[PDB]
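Undergrad: Next comes the structure file input29.json, holding JSON, C-alpha atoms.
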```json
[["chain", "number", "residue", "atom", "x", "y", "z"],
["A", 31, "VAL", "CA", 36.96, 129.13, 66.07],
["A", 32, "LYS", "CA", 34.26, 127.74, 68.39],
["A", 33, "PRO", "CA", 32.89, 124.19, 68.68],
["A", 34, "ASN", "CA", 29.26, 123.27, 68.05],
["A", 35, "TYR", "CA", 28.72, 120.24, 70.29],
["A", 36, "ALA", "CA", 25.17, 118.92, 70.03],
["A", 37, "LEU", "CA", 23.33, 116.18, 71.87],
["A", 38, "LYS", "CA", 23.39, 112.85, 70.03],
["A", 39, "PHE", "CA", 22.32, 110.36, 72.70],
["A", 40, "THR", "CA", 21.22, 110.13, 76.29],
["A", 41, "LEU", "CA", 22.09, 106.90, 78.10],
["A", 42, "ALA", "CA", 19.89, 105.71, 80.97],
["A", 43, "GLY", "CA", 20.12, 102.66, 83.19],
["A", 44, "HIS", "CA", 22.02, 103.56, 86.35],
["A", 45, "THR", "CA", 19.68, 103.61, 89.33],
["A", 46, "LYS", "CA", 21.69, 106.16, 91.36],
["A", 47, "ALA", "CA", 23.96, 109.09, 90.56],
["A", 48, "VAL", "CA", 26.69, 108.43, 88.01],
["A", 49, "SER", "CA", 30.21, 109.12, 89.28],
["A", 50, "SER", "CA", 32.59, 108.75, 86.33],
["A", 51, "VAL", "CA", 32.68, 108.12, 82.57],
["A", 52, "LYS", "CA", 35.73, 107.21, 80.46],
["A", 53, "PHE", "CA", 36.24, 106.29, 76.82],
["A", 54, "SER", "CA", 38.24, 103.18, 76.04],
["A", 55, "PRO", "CA", 41.63, 104.00, 74.46],
["A", 56, "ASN", "CA", 40.51, 102.26, 71.25],
["A", 57, "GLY", "CA", 37.52, 104.62, 71.07],
["A", 58, "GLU", "CA", 35.00, 101.76, 70.92],
["A", 59, "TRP", "CA", 33.52, 101.99, 74.38],
["A", 60, "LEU", "CA", 32.29, 104.25, 77.14],
["A", 61, "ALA", "CA", 32.51, 102.91, 80.69],
["A", 62, "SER", "CA", 30.49, 104.47, 83.50],
["A", 63, "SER", "CA", 30.65, 103.85, 87.24],
["A", 64, "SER", "CA", 27.92, 104.77, 89.66],
["A", 65, "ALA", "CA", 26.72, 104.96, 93.25],
["A", 66, "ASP", "CA", 24.43, 101.99, 92.52],
["A", 67, "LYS", "CA", 27.57, 99.80, 92.82],
["A", 68, "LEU", "CA", 27.60, 99.08, 89.06],
["A", 69, "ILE", "CA", 29.85, 99.63, 86.06],
["A", 70, "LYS", "CA", 28.09, 99.79, 82.69],
["A", 71, "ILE", "CA", 29.63, 99.52, 79.21],
["A", 72, "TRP", "CA", 28.06, 101.36, 76.25],
["A", 73, "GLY", "CA", 28.93, 101.76, 72.59],
["A", 74, "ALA", "CA", 30.76, 105.06, 72.09],
["A", 75, "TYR", "CA", 29.32, 105.87, 68.66],
["A", 76, "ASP", "CA", 25.73, 104.56, 68.87],
["A", 77, "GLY", "CA", 25.07, 104.81, 72.62],
["A", 78, "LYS", "CA", 23.91, 101.20, 72.73],
["A", 79, "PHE", "CA", 24.08, 99.54, 76.14],
["A", 80, "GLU", "CA", 26.48, 96.61, 76.06],
["A", 81, "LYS", "CA", 26.73, 95.14, 79.54],
["A", 82, "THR", "CA", 26.71, 95.55, 83.31],
["A", 83, "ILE", "CA", 29.63, 94.63, 85.58],
["A", 84, "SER", "CA", 28.94, 94.10, 89.28],
["A", 85, "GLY", "CA", 30.58, 92.80, 92.43],
["A", 86, "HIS", "CA", 31.48, 95.83, 94.54],
["A", 87, "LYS", "CA", 29.70, 95.92, 97.89],
["A", 88, "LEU", "CA", 29.31, 99.73, 97.91],
["A", 89, "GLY", "CA", 29.25, 102.56, 95.39],
["A", 90, "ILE", "CA", 32.00, 103.27, 92.86],
["A", 91, "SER", "CA", 33.68, 106.69, 92.59],
["A", 92, "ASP", "CA", 36.00, 106.09, 89.61],
["A", 93, "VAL", "CA", 36.83, 103.73, 86.75],
["A", 94, "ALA", "CA", 39.76, 103.53, 84.34],
["A", 95, "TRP", "CA", 40.84, 101.59, 81.24],
["A", 96, "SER", "CA", 44.01, 99.69, 80.49],
["A", 97, "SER", "CA", 45.92, 100.77, 77.40],
["A", 98, "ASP", "CA", 44.79, 97.76, 75.36],
["A", 99, "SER", "CA", 41.11, 98.45, 76.28],
["A", 100, "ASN", "CA", 40.77, 94.92, 77.72],
["A", 101, "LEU", "CA", 40.84, 95.68, 81.46],
["A", 102, "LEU", "CA", 39.01, 98.02, 83.79],
["A", 103, "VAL", "CA", 39.84, 99.10, 87.32],
["A", 104, "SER", "CA", 37.26, 100.47, 89.74],
["A", 105, "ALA", "CA", 37.60, 102.37, 93.02],
["A", 106, "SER", "CA", 34.85, 101.86, 95.57],
["A", 107, "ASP", "CA", 33.50, 102.85, 98.97],
["A", 108, "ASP", "CA", 33.94, 99.24, 100.10],
["A", 109, "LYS", "CA", 37.65, 100.21, 100.52],
["A", 110, "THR", "CA", 38.89, 98.04, 97.63],
["A", 111, "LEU", "CA", 39.75, 98.39, 93.99],
["A", 112, "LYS", "CA", 38.74, 95.73, 91.49],
["A", 113, "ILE", "CA", 40.40, 94.71, 88.22],
["A", 114, "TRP", "CA", 37.91, 93.41, 85.64],
["A", 115, "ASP", "CA", 38.17, 91.61, 82.33],
["A", 116, "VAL", "CA", 35.83, 93.68, 80.16],
["A", 117, "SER", "CA", 34.86, 91.00, 77.62],
["A", 118, "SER", "CA", 33.84, 88.46, 80.28],
["A", 119, "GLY", "CA", 32.79, 90.87, 83.04],
["A", 120, "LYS", "CA", 34.61, 88.79, 85.65],
["A", 121, "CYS", "CA", 36.57, 90.29, 88.52],
["A", 122, "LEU", "CA", 40.19, 89.30, 88.00],
["A", 123, "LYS", "CA", 41.62, 90.88, 91.15],
["A", 124, "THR", "CA", 40.55, 92.65, 94.33],
["A", 125, "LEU", "CA", 43.12, 95.17, 95.59],
["A", 126, "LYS", "CA", 42.85, 95.48, 99.38],
["A", 127, "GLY", "CA", 44.83, 97.62, 101.79],
["A", 128, "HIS", "CA", 43.27, 101.07, 101.87],
["A", 129, "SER", "CA", 41.63, 101.84, 105.22],
["A", 130, "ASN", "CA", 38.93, 104.14, 103.81],
["A", 131, "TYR", "CA", 36.85, 104.85, 100.72],
["A", 132, "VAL", "CA", 38.91, 104.62, 97.52],
["A", 133, "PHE", "CA", 38.15, 107.65, 95.39],
["A", 134, "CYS", "CA", 40.21, 107.68, 92.18],
["A", 135, "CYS", "CA", 42.29, 105.31, 90.07],
["A", 136, "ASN", "CA", 44.26, 105.04, 86.83],
["A", 137, "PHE", "CA", 46.49, 102.64, 84.91],
["A", 138, "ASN", "CA", 49.93, 103.66, 83.73],
["A", 139, "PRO", "CA", 50.51, 103.60, 79.95],
["A", 140, "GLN", "CA", 52.27, 100.23, 80.10],
["A", 141, "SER", "CA", 49.27, 99.09, 82.20],
["A", 142, "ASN", "CA", 51.39, 96.95, 84.51],
["A", 143, "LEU", "CA", 50.69, 99.41, 87.36],
["A", 144, "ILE", "CA", 47.57, 100.91, 88.93],
["A", 145, "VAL", "CA", 47.61, 104.09, 91.05],
["A", 146, "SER", "CA", 44.87, 104.83, 93.57],
["A", 147, "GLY", "CA", 44.02, 107.59, 96.02],
["A", 148, "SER", "CA", 41.84, 107.23, 99.05],
["A", 149, "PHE", "CA", 40.09, 109.06, 101.88],
["A", 150, "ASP", "CA", 42.79, 107.60, 104.16],
["A", 151, "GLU", "CA", 45.02, 110.42, 102.82],
["A", 152, "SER", "CA", 47.21, 107.93, 100.97],
["A", 153, "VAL", "CA", 48.23, 107.00, 97.43],
["A", 154, "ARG", "CA", 48.93, 103.38, 96.52],
["A", 155, "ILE", "CA", 50.72, 101.74, 93.60],
["A", 156, "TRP", "CA", 49.57, 98.20, 92.74],
["A", 157, "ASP", "CA", 50.82, 95.42, 90.48],
["A", 158, "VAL", "CA", 48.20, 94.46, 87.89],
["A", 159, "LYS", "CA", 49.35, 90.85, 87.46],
["A", 160, "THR", "CA", 49.52, 89.88, 91.14],
["A", 161, "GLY", "CA", 47.20, 92.47, 92.68],
["A", 162, "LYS", "CA", 49.75, 93.09, 95.44],
["A", 163, "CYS", "CA", 50.38, 96.61, 96.71],
["A", 164, "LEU", "CA", 53.87, 97.73, 95.70],
["A", 165, "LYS", "CA", 54.03, 101.15, 97.36],
["A", 166, "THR", "CA", 52.09, 103.29, 99.83],
["A", 167, "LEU", "CA", 52.82, 107.01, 99.58],
["A", 168, "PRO", "CA", 51.89, 109.11, 102.65],
["A", 169, "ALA", "CA", 50.83, 111.57, 100.00],
["A", 170, "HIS", "CA", 48.55, 114.05, 101.78],
["A", 171, "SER", "CA", 47.02, 115.22, 105.06],
["A", 172, "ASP", "CA", 43.43, 115.07, 103.78],
["A", 173, "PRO", "CA", 41.44, 112.93, 101.32],
["A", 174, "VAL", "CA", 43.09, 112.35, 97.95],
["A", 175, "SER", "CA", 40.85, 113.57, 95.13],
["A", 176, "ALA", "CA", 42.79, 112.61, 91.99],
["A", 177, "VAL", "CA", 45.75, 110.56, 90.76],
["A", 178, "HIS", "CA", 47.15, 110.42, 87.23],
["A", 179, "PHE", "CA", 50.22, 109.07, 85.41],
["A", 180, "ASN", "CA", 52.17, 111.13, 82.88],
["A", 181, "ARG", "CA", 52.71, 110.23, 79.21],
["A", 182, "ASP", "CA", 55.27, 107.49, 79.91],
["A", 183, "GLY", "CA", 54.33, 106.64, 83.50],
["A", 184, "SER", "CA", 57.50, 107.94, 85.15],
["A", 185, "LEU", "CA", 55.47, 110.47, 87.19],
["A", 186, "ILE", "CA", 52.34, 110.52, 89.33],
["A", 187, "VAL", "CA", 50.35, 113.68, 90.07],
["A", 188, "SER", "CA", 48.05, 113.67, 93.09],
["A", 189, "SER", "CA", 45.71, 116.29, 94.52],
["A", 190, "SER", "CA", 44.02, 116.61, 97.90],
["A", 191, "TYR", "CA", 41.61, 118.65, 99.97],
["A", 192, "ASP", "CA", 44.74, 119.75, 101.86],
["A", 193, "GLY", "CA", 45.22, 122.21, 98.97],
["A", 194, "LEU", "CA", 48.35, 120.58, 97.53],
["A", 195, "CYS", "CA", 49.28, 119.04, 94.22],
["A", 196, "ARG", "CA", 52.23, 116.67, 94.44],
["A", 197, "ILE", "CA", 54.47, 115.22, 91.72],
["A", 198, "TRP", "CA", 55.99, 111.83, 92.59],
["A", 199, "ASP", "CA", 58.62, 109.64, 90.98],
["A", 200, "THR", "CA", 56.75, 106.39, 90.31],
["A", 201, "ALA", "CA", 59.83, 104.20, 90.60],
["A", 202, "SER", "CA", 61.05, 105.53, 93.96],
["A", 203, "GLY", "CA", 57.87, 106.97, 95.45],
["A", 204, "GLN", "CA", 59.80, 110.13, 96.26],
["A", 205, "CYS", "CA", 58.07, 113.49, 95.98],
["A", 206, "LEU", "CA", 59.65, 115.58, 93.23],
["A", 207, "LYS", "CA", 57.48, 118.70, 93.43],
["A", 208, "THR", "CA", 54.71, 120.31, 95.43],
["A", 209, "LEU", "CA", 52.41, 122.92, 93.91],
["A", 210, "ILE", "CA", 51.04, 125.36, 96.50],
["A", 211, "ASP", "CA", 49.07, 128.48, 95.63],
["A", 212, "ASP", "CA", 48.04, 131.32, 97.94],
["A", 213, "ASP", "CA", 45.12, 130.55, 100.25],
["A", 214, "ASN", "CA", 45.29, 126.76, 99.90],
["A", 215, "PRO", "CA", 41.81, 126.08, 98.45],
["A", 216, "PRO", "CA", 40.91, 122.37, 98.34],
["A", 217, "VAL", "CA", 42.10, 120.74, 95.13],
["A", 218, "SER", "CA", 39.32, 118.57, 93.70],
["A", 219, "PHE", "CA", 40.97, 117.23, 90.53],
["A", 220, "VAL", "CA", 44.31, 117.08, 88.74],
["A", 221, "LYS", "CA", 45.67, 115.48, 85.57],
["A", 222, "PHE", "CA", 48.62, 115.77, 83.20],
["A", 223, "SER", "CA", 48.36, 117.28, 79.74],
["A", 224, "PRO", "CA", 48.70, 114.71, 76.93],
["A", 225, "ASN", "CA", 52.27, 115.88, 76.28],
["A", 226, "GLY", "CA", 53.02, 115.61, 80.01],
["A", 227, "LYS", "CA", 54.41, 119.15, 80.29],
["A", 228, "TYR", "CA", 51.39, 120.80, 81.95],
["A", 229, "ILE", "CA", 49.05, 119.99, 84.81],
["A", 230, "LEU", "CA", 45.37, 120.95, 84.99],
["A", 231, "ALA", "CA", 44.06, 121.46, 88.53],
["A", 232, "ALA", "CA", 40.55, 122.19, 89.78],
["A", 233, "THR", "CA", 40.03, 123.93, 93.11],
["A", 234, "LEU", "CA", 36.80, 124.24, 95.07],
["A", 235, "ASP", "CA", 36.62, 128.00, 94.51],
["A", 236, "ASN", "CA", 35.07, 127.77, 91.03],
["A", 237, "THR", "CA", 38.50, 127.74, 89.37],
["A", 238, "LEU", "CA", 40.61, 125.71, 86.95],
["A", 239, "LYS", "CA", 44.33, 126.36, 86.50],
["A", 240, "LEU", "CA", 46.90, 125.24, 83.93],
["A", 241, "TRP", "CA", 50.35, 124.92, 85.51],
["A", 242, "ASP", "CA", 53.72, 124.39, 83.87],
["A", 243, "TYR", "CA", 55.17, 121.41, 85.73],
["A", 244, "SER", "CA", 58.83, 122.24, 85.14],
["A", 245, "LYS", "CA", 58.58, 125.88, 86.23],
["A", 246, "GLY", "CA", 55.98, 125.56, 89.00],
["A", 247, "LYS", "CA", 54.15, 128.48, 87.38],
["A", 248, "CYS", "CA", 50.43, 128.85, 86.76],
["A", 249, "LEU", "CA", 50.01, 129.71, 83.08],
["A", 250, "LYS", "CA", 46.24, 129.85, 82.58],
["A", 251, "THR", "CA", 43.10, 130.25, 84.66],
["A", 252, "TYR", "CA", 39.56, 129.28, 83.65],
["A", 253, "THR", "CA", 36.45, 130.55, 85.44],
["A", 254, "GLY", "CA", 32.72, 131.07, 84.89],
["A", 255, "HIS", "CA", 31.60, 127.64, 86.10],
["A", 256, "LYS", "CA", 30.37, 126.65, 89.55],
["A", 257, "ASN", "CA", 32.67, 124.28, 91.46],
["A", 258, "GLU", "CA", 32.45, 124.43, 95.26],
["A", 259, "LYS", "CA", 31.27, 121.04, 96.58],
["A", 260, "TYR", "CA", 32.17, 118.14, 94.26],
["A", 261, "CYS", "CA", 35.31, 116.66, 92.68],
["A", 262, "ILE", "CA", 34.49, 117.24, 89.01],
["A", 263, "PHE", "CA", 36.53, 115.70, 86.21],
["A", 264, "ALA", "CA", 38.14, 118.08, 83.71],
["A", 265, "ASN", "CA", 39.78, 117.30, 80.38],
["A", 266, "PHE", "CA", 42.06, 118.45, 77.60],
["A", 267, "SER", "CA", 40.20, 118.19, 74.28],
["A", 268, "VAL", "CA", 42.76, 117.72, 71.50],
["A", 269, "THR", "CA", 40.99, 116.02, 68.58],
["A", 270, "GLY", "CA", 39.93, 119.32, 67.01],
["A", 271, "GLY", "CA", 40.50, 122.71, 68.56],
["A", 272, "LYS", "CA", 42.43, 122.82, 71.82],
["A", 273, "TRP", "CA", 39.79, 123.10, 74.54],
["A", 274, "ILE", "CA", 39.41, 122.68, 78.28],
["A", 275, "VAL", "CA", 36.26, 120.73, 79.14],
["A", 276, "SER", "CA", 34.67, 120.50, 82.58],
["A", 277, "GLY", "CA", 31.48, 119.71, 84.40],
["A", 278, "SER", "CA", 29.78, 122.22, 86.63],
["A", 279, "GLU", "CA", 27.42, 122.42, 89.59],
["A", 280, "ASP", "CA", 24.96, 124.49, 87.54],
["A", 281, "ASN", "CA", 24.23, 121.35, 85.44],
["A", 282, "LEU", "CA", 26.22, 122.62, 82.43],
["A", 283, "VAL", "CA", 29.23, 121.38, 80.48],
["A", 284, "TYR", "CA", 31.75, 124.22, 80.12],
["A", 285, "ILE", "CA", 34.20, 124.41, 77.20],
["A", 286, "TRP", "CA", 37.00, 127.02, 77.15],
["A", 287, "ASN", "CA", 39.63, 127.95, 74.63],
["A", 288, "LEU", "CA", 42.91, 126.75, 76.17],
["A", 289, "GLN", "CA", 45.04, 129.70, 75.04],
["A", 290, "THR", "CA", 42.56, 132.55, 75.39],
["A", 291, "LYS", "CA", 40.60, 131.22, 78.43],
["A", 292, "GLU", "CA", 37.32, 132.44, 76.88],
["A", 293, "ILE", "CA", 34.26, 130.26, 77.36],
["A", 294, "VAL", "CA", 33.50, 128.95, 73.87],
["A", 295, "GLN", "CA", 30.51, 126.77, 74.68],
["A", 296, "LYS", "CA", 28.09, 125.70, 77.40],
["A", 297, "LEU", "CA", 26.24, 122.41, 76.89],
["A", 298, "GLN", "CA", 22.73, 122.46, 78.38],
["A", 299, "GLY", "CA", 20.46, 119.51, 79.09],
["A", 300, "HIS", "CA", 21.54, 117.83, 82.32],
["A", 301, "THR", "CA", 19.15, 118.20, 85.26],
["A", 302, "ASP", "CA", 21.77, 117.87, 88.04],
["A", 303, "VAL", "CA", 25.44, 118.55, 88.78],
["A", 304, "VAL", "CA", 27.61, 117.36, 85.91],
["A", 305, "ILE", "CA", 30.19, 115.39, 87.89],
["A", 306, "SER", "CA", 32.18, 113.88, 85.03],
["A", 307, "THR", "CA", 33.18, 114.65, 81.47],
["A", 308, "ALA", "CA", 35.34, 112.62, 79.11],
["A", 309, "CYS", "CA", 36.73, 113.33, 75.64],
["A", 310, "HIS", "CA", 36.88, 110.77, 72.86],
["A", 311, "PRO", "CA", 40.45, 109.81, 71.86],
["A", 312, "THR", "CA", 39.97, 110.39, 68.11],
["A", 313, "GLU", "CA", 36.56, 111.99, 67.44],
["A", 314, "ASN", "CA", 35.15, 115.33, 68.59],
["A", 315, "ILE", "CA", 32.89, 113.54, 71.07],
["A", 316, "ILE", "CA", 32.19, 114.47, 74.71],
["A", 317, "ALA", "CA", 30.60, 112.18, 77.29],
["A", 318, "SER", "CA", 29.00, 113.84, 80.32],
["A", 319, "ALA", "CA", 27.25, 112.43, 83.38],
["A", 320, "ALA", "CA", 25.18, 113.80, 86.25],
["A", 321, "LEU", "CA", 24.10, 113.16, 89.84],
["A", 322, "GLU", "CA", 20.97, 111.96, 91.65],
["A", 323, "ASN", "CA", 18.26, 114.06, 90.00],
["A", 324, "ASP", "CA", 19.51, 113.10, 86.50],
["A", 325, "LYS", "CA", 21.34, 109.71, 86.60],
["A", 326, "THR", "CA", 22.04, 109.77, 82.84],
["A", 327, "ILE", "CA", 25.01, 110.00, 80.50],
["A", 328, "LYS", "CA", 24.87, 112.27, 77.45],
["A", 329, "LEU", "CA", 26.99, 112.00, 74.31],
["A", 330, "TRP", "CA", 27.77, 115.16, 72.33],
["A", 331, "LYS", "CA", 29.26, 115.54, 68.85],
["A", 332, "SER", "CA", 30.98, 118.54, 67.25],
["A", 333, "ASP", "CA", 32.53, 119.43, 63.91],
["A", 334, "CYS", "CA", 35.60, 121.02, 65.54],
["B", 1, "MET", "CA", 31.88, 109.08, 97.79],
["B", 2, "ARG", "CA", 32.31, 111.45, 94.84],
["B", 3, "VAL", "CA", 28.52, 111.60, 94.43],
["B", 4, "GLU", "CA", 28.13, 113.24, 97.84],
["B", 5, "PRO", "CA", 29.08, 116.88, 98.49],
["B", 6, "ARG", "CA", 31.89, 117.88, 100.80]]
```
As a first step, turn the structure in this file into structure tokens.

TA:
Amino acid sequence: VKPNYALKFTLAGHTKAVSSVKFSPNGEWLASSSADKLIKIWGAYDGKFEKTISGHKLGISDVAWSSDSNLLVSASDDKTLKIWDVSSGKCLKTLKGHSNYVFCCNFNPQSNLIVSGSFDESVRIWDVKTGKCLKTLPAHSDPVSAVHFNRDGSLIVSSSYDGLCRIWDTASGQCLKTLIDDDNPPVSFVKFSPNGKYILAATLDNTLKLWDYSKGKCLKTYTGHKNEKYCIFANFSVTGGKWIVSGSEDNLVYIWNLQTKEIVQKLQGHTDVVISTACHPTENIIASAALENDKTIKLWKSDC
Amino acid sequence: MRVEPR
């Protein structure tokens, strides 16, 4: 079985490169962050622009939804994160304390906590209600490229240019595991599988790997794409067939079979590096976004 | 700056 993703919409309106796109957990919305210091909200199913959210003093590298789809968090080069009410567009909180560009962010499932990773080689855990920083993990010896909570929020996975993935106990901040592999290539992205048993990690040697968290063993490898310079988002697609979805520096969206590792589709149409992909929580829908020479988001639909 | 190469 192979998917047949086809272009449904292109979304234009960011004035610089787009950095991240995410579907709202309720499937209604796509949120995009960009170098032009803006977040934009679009309808997931019709591509209609809904609103712009602004207030960061520099560009935004990541954005994430709360579980109830009511809040957003953004990570910015102005060294802060911001918590936003989506319906009103107002900034509810500004999370300060990182000493460098903030690069990645995510809510936990309960959405009382936010995790962030920064160029200051640190991971921080923040309280949503008060905006205070609860914990600072001396997580890495290089910039932190990704942070992600597991299914129930008891664990944090982080990745860094230092070549390490680290599993942390959220409650204690103690490191439970470190994944190392061979020649220590920079790790550009990491995230838990939906079941929380596996970890998908991108390295800047044109490689994706599926690791079993419990065993510390790499189970699958995915290649054929170009990934050497940027921290590209990758995804588990679970609404139809079980795919791995990633962007690529050859302007293509790559889709692999999870079990067999064969490339099952390449989505063509972007005119720059595809920095971010996102998979719709209930429909076979992919959102992709590209850098300076493109500046657009594309929505793709498939039957499986 | 995710939009800039390393």

Undergrad: For a cut-off of 9 Å around (47.4, 119.3, 91.1), file coordinates, pick out all residues using only C-alpha atoms and list them as a PyMOL selection string.

TA: chain A and resi 176-177+187-190+193-197+208-210+217-222+229-233+239+241

Undergrad: Output the contact residues of chain A with respect to chain B at a cut-off of 10 Å, based on only C-alpha atoms, as JSON, numbers by chain.

TA: {"A": [46, 47, 48, 49, 50, 64, 65, 88, 89, 90, 91, 92, 106, 107, 131, 132, 133, 134, 149, 175, 191, 234, 258, 259, 260, 261, 262, 303, 305, 320, 321, 322]}

Undergrad: Keeping only C-alpha atoms, take the residues you just selected and write them out as a PDB file, in the coordinates of the input.

TA:
```
ATOM      1  CA  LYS A  46      21.690 106.160  91.360  1.00  0.00           C
ATOM      2  CA  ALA A  47      23.960 109.090  90.560  1.00  0.00           C
ATOM      3  CA  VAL A  48      26.690 108.430  88.010  1.00  0.00           C
ATOM      4  CA  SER A  49      30.210 109.120  89.280  1.00  0.00           C
ATOM      5  CA  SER A  50      32.590 108.750  86.330  1.00  0.00           C
ATOM      6  CA  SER A  64      27.920 104.770  89.660  1.00  0.00           C
ATOM      7  CA  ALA A  65      26.720 104.960  93.250  1.00  0.00           C
ATOM      8  CA  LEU A  88      29.310  99.730  97.910  1.00  0.00           C
ATOM      9  CA  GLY A  89      29.250 102.560  95.390  1.00  0.00           C
ATOM     10  CA  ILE A  90      32.000 103.270  92.860  1.00  0.00           C
ATOM     11  CA  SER A  91      33.680 106.690  92.590  1.00  0.00           C
ATOM     12  CA  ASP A  92      36.000 106.090  89.610  1.00  0.00           C
ATOM     13  CA  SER A 106      34.850 101.860  95.570  1.00  0.00           C
ATOM     14  CA  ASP A 107      33.500 102.850  98.970  1.00  0.00           C
ATOM     15  CA  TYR A 131      36.850 104.850 100.720  1.00  0.00           C
ATOM     16  CA  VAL A 132      38.910 104.620  97.520  1.00  0.00           C
ATOM     17  CA  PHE A 133      38.150 107.650  95.390  1.00  0.00           C
ATOM     18  CA  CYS A 134      40.210 107.680  92.180  1.00  0.00           C
ATOM     19  CA  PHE A 149      40.090 109.060 101.880  1.00  0.00           C
ATOM     20  CA  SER A 175      40.850 113.570  95.130  1.00  0.00           C
ATOM     21  CA  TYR A 191      41.610 118.650  99.970  1.00  0.00           C
ATOM     22  CA  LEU A 234      36.800 124.240  95.070  1.00  0.00           C
ATOM     23  CA  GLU A 258      32.450 124.430  95.260  1.00  0.00           C
ATOM     24  CA  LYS A 259      31.270 121.040  96.580  1.00  0.00           C
ATOM     25  CA  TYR A 260      32.170 118.140  94.260  1.00  0.00           C
ATOM     26  CA  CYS A 261      35.310 116.660  92.680  1.00  0.00           C
ATOM     27  CA  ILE A 262      34.490 117.240  89.010  1.00  0.00           C
ATOM     28  CA  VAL A 303      25.440 118.550  88.780  1.00  0.00           C
ATOM     29  CA  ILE A 305      30.190 115.390  87.890  1.00  0.00           C
ATOM     30  CA  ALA A 320      25.180 113.800  86.250  1.00  0.00           C
ATOM     31  CA  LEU A 321      24.100 113.160  89.840  1.00  0.00           C
ATOM     32  CA  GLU A 322      20.970 111.960  91.650  1.00  0.00           C
TER      33      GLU A 322
END
```

Undergrad: Need the shell around range 75-81 of chain A: protein/DNA/RNA residues with any atom at most 9 Å away, counting only C-alpha atoms. Skip same-chain ones fewer than 4 positions apart. Format as a JSON list (two decimals) with C-alpha atoms, in the frame of the given file?

TA:
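The file below, result_32.json, is the result:
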```json
[["chain", "number", "residue", "atom", "x", "y", "z"],
["A", 38, "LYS", "CA", 23.39, 112.85, 70.03],
["A", 39, "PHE", "CA", 22.32, 110.36, 72.70],
["A", 40, "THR", "CA", 21.22, 110.13, 76.29],
["A", 41, "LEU", "CA", 22.09, 106.90, 78.10],
["A", 42, "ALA", "CA", 19.89, 105.71, 80.97],
["A", 43, "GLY", "CA", 20.12, 102.66, 83.19],
["A", 57, "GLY", "CA", 37.52, 104.62, 71.07],
["A", 58, "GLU", "CA", 35.00, 101.76, 70.92],
["A", 59, "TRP", "CA", 33.52, 101.99, 74.38],
["A", 60, "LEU", "CA", 32.29, 104.25, 77.14],
["A", 69, "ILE", "CA", 29.85, 99.63, 86.06],
["A", 70, "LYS", "CA", 28.09, 99.79, 82.69],
["A", 71, "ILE", "CA", 29.63, 99.52, 79.21],
["A", 119, "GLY", "CA", 32.79, 90.87, 83.04],
["A", 315, "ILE", "CA", 32.89, 113.54, 71.07],
["A", 328, "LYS", "CA", 24.87, 112.27, 77.45],
["A", 329, "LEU", "CA", 26.99, 112.00, 74.31]]
```

Undergrad: With only C-alpha atoms as the atoms that count, which of A:198, A:174, A:235, A:283 lies nearest to residue 213 in chain A?

TA: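 Distance minimum relative to residue 213 in chain A lands on A:235.
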
Undergrad: Report the distance between CA of residue 167 in chain A and CA of residue 93 in chain A in Å, rounded to one decimal place.

TA: 20.8 Å

Undergrad: Could you jot down the CA of residue 252 in chain A to CA of residue 33 in chain A separation for me, Å, one decimal place?

TA: 17.2 Å

Undergrad: Would you mind telling me which residue in A:275, A:294, A:113, A:145 lies nearest to residue 186 in chain A when using all atoms listed in the file?

TA: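 So, comparing all the options, the nearest one is A:145.
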
Undergrad: In Å, with one decimal, what is the gap from CA of residue 311 in chain A to CA of residue 56 in chain A?

TA: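 Value for the CA of residue 311 in chain A-CA of residue 56 in chain A distance: 7.6 Å.
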